[PDB]
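Undergrad: Starting from these lines, generate the structure:
(one chain, ligands or ions: 1)
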Amino acid sequence: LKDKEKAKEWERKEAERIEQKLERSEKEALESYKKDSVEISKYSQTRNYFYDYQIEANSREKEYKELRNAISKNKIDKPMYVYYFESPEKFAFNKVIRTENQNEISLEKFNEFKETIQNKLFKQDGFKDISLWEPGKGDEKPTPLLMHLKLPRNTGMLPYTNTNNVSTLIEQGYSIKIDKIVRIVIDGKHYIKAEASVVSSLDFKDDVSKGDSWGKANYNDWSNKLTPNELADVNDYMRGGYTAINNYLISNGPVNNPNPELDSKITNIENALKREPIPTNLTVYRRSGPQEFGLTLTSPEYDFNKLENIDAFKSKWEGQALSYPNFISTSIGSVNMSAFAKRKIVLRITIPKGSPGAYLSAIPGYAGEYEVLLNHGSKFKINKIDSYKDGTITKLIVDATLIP
Ligand SMILES: NC(=O)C1=CN([C@@H]2O[C@H](COP(=O)(O)OP(=O)(O)OC[C@H]3O[C@@H](n4cnc5c(N)ncnc54)[C@H](OP(=O)(O)O)[C@@H]3O)[C@@H](O)[C@H]2O)C=CC1
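TA: Numbers count the residues shown, from 1 in each chain. Next up is the structure itself:
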């Protein structure tokens, strides 16, 4: 736990042991990592949001895949705790816990951080260097926030040597919940120690073929579980009826201009989506237009190239609920597509096991790929908003959870 001498000796011994296992290509990727860790780790966070050809061609993509593979071949046989420092902004606490010159963290700030991270899951992605022991009076402590994360059995972990130093690499690909926070003292300064655990979610990211295999496996027989009316209304919807149905819902037609024929279709589609609930925690992706967030294509606020507009968007939406009156299309894949080339908001949604939903792309012939349809009137809790550059265009990733 705080046993530095033990963990470093073990870590070094393990590094030198694993080094004999690695493929030449993996050793090559590791050599590159030692030289360019910041940019490779950043790449590993957002690589999957670009086009397939951008992914393929990227100067860091082969390095990513090799490092990914190497990490996976050293799986832990029991659960293990790891330590790493984190920015409070990572958990949507968009301010300092204390300045780096200050020693103390006020009770108010401690409690405010607690309230911010409560009852939320946060998606974690990309390579990370971690420590096996609690950083002490002699280590690099770049932030007032120290994560103490329990990694589950069979998590990949790669100890490696870098000059005279030893580090351990993981690839994050899960959500975390912060179960407890405690104010600790290290070398005369207060830190927040956050006790965290992993919650898993099936997340294909750019691997649309595996996602499709899963979707069809789970929804090939979905049509056969529907009544004649349900199947006919789902068909109508997928064949182009979605426009009239969703416009009616968005404009609150059921109240202001009731159409009982449409009401019936909506009821049938909802029952169809409740017929075979999402069988596991699943991550889906939606490329959202401005109107879904109360903006238009010509809103000055939609220009996320200006930092002011990101801060304004976060202030409005982060930690808040978002509800769609219409049925919501999403994809199992995170890749950009020509149809949504310039859309600036990526909704990254965790669907809890048992939620209404269906993999529509399992229906034969249907011209539409990798699609998961969610129920009308769905509510989404926004945990965290991130930004990234897509060429010259700043885009946003909205980490949300589908809630009751
Ligand atoms: N978007 C995605 O990532 C995915 C889309 N699909 C399917 O691909 C096709 C084209 O995609 P898309 O353009 O999204 O078509 P959609 O029918 O999903 O949306 C059409 C327009 O309606 C606007 N809109 C949607 N919901 C709301 C809302 N609640 N409030 C206000 N405005 C809203 C959108 O934003 P705005 O007007 O600001 O641009 C969009 O321009 C559709 O058949 C869709 O079902 C399948 C998988 C994923």
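Undergrad: Show me what the residue positioned nearest the centre of the chain bridges to in the sheet.
TA: Note on the chain: the residue nearest the mean C-alpha position is residue 123, at 3.9 Å, using CA atoms, centre = their mean. Beta bridges link residue 123 to residue 175 when assigned by DSSP bridges.
Undergrad: separation between it and residue 372?
TA: According to CB to CB, to the nearest Å, residue 123 stands 17 Å off from residue 372. (Each C-beta comes from the backbone N, C-alpha and C, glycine too.)
Undergrad: For the residue of the stretch 251-400 of the chain at minimum distance from the ligand, give me its contacts.
TA: Nearest residue of the stretch 251-400 of the chain to the ligand (CB to the nearest ligand atom) works out as residue 289 at 1.9 Å. Contacts were defined as CB atoms under 8 Å, 6 or more residues apart in numbering; by that measure residue 289 touches 297, 343, 345.
Undergrad: Near the ligand, which residues of the stretch 301-404 of the chain are found?
TA: Proximity of the stretch 301-404 of the chain to the ligand is confined to 324, 325, 326, 329, 330, 331, 339, 340, 371 under the rule CB under 6 Å from any ligand atom.
Undergrad: 5 Å - rerun?
TA: When proximity is defined as CB under 5 Å from any ligand atom, the stretch 301-404 of the chain approaches the ligand at 324, 329, 331, 371.
Undergrad: cool, the stretch 151-300 of the chain as well?
TA: Checking the stretch 151-300 of the chain against the ligand by CB under 5 Å from any ligand atom, the hits are 286, 287, 289, 290, 291, 292.
Undergrad: Take those and write them to a markdown table, including secondary structure and distance to residue 207.
TA: Converted to a markdown table, those look like this (DSSP: H, G, I helix; E, B strand; the rest coil; distance: CB to CB, whole Å):
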| residue | secondary structure | distance to residue 207 |
| --- | --- | --- |
| 286 | strand | 18 |
| 287 | strand | 18 |
| 289 | coil | 26 |
| 290 | helix | 29 |
| 291 | helix | 30 |
| 292 | helix | 26 |
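Undergrad: one step back: out of the contacts of residue 289, list just those in strands.
TA: residue 345 (DSSP state E).
Undergrad: domain parsing for the chain?
TA: According to curated CATH domains, the chain comprises the domains 1-202, 203-404.
Undergrad: how far does the last one stretch from start to finish?
TA: Spelled out, it's domain 203-404. With CA to CA, to the nearest Å as the measure, the first residue of domain 203-404 is 21 Å from its last.
Undergrad: Then stretch 75-90?
TA: 26 Å.
Undergrad: for stretch 129-139, same thing?
TA: 14 Å.
Undergrad: Check which residues of the helix or strand where residue 56 lies are buried.
TA: Here residue 56, judged by DSSP states H and E, is contained in helix 52-57. Buried residues in helix 52-57, counted by 16 or more other CB atoms under 10 Å: residue 55.
Undergrad: Also stretch 320-329?
TA: If you call a residue buried by 16+ other CB under 10 Å, then stretch 320-329 has these buried ones: 322, 324, 325, 326, 327, 328, 329.
Undergrad: List of residues touching the helix or strand that contains residue 11?
TA: In this assignment (DSSP H and E), residue 11 forms part of helix 4-21. Contacts to helix 4-21, defined as CB under 8 Å, 6+ apart, come from residues 27, 73-74, 131-133, 136, 158-161, 166, 168.
Undergrad: would you put the C-alpha positions of it in PDB?
TA: Coordinates of each C-alpha in helix 4-21 appear next as PDB, following Å, rounded to 0.1, in the frame of the first residue of the first chain:
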ATOM      1  CA  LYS A   4       7.500   1.700  -1.900                       C
ATOM      2  CA  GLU A   5      10.700  -0.400  -1.600                       C
ATOM      3  CA  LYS A   6       8.700  -3.700  -2.100                       C
ATOM      4  CA  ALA A   7       6.600  -2.500  -5.000                       C
ATOM      5  CA  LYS A   8       9.500  -1.000  -7.000                       C
ATOM      6  CA  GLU A   9      11.700  -4.200  -6.700                       C
ATOM      7  CA  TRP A  10       8.700  -6.300  -7.700                       C
ATOM      8  CA  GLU A  11       7.800  -3.900 -10.500                       C
ATOM      9  CA  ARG A  12      11.300  -4.000 -11.800                       C
ATOM     10  CA  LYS A  13      11.600  -7.700 -11.600                       C
ATOM     11  CA  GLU A  14       8.200  -8.100 -13.400                       C
ATOM     12  CA  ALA A  15       9.200  -5.600 -16.100                       C
ATOM     13  CA  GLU A  16      12.400  -7.500 -16.800                       C
ATOM     14  CA  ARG A  17      10.400 -10.800 -16.900                       C
ATOM     15  CA  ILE A  18       7.700  -9.400 -19.200                       C
ATOM     16  CA  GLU A  19      10.300  -7.900 -21.600                       C
ATOM     17  CA  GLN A  20      11.300 -11.400 -22.600                       C
ATOM     18  CA  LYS A  21       7.700 -12.200 -23.500                       C
END
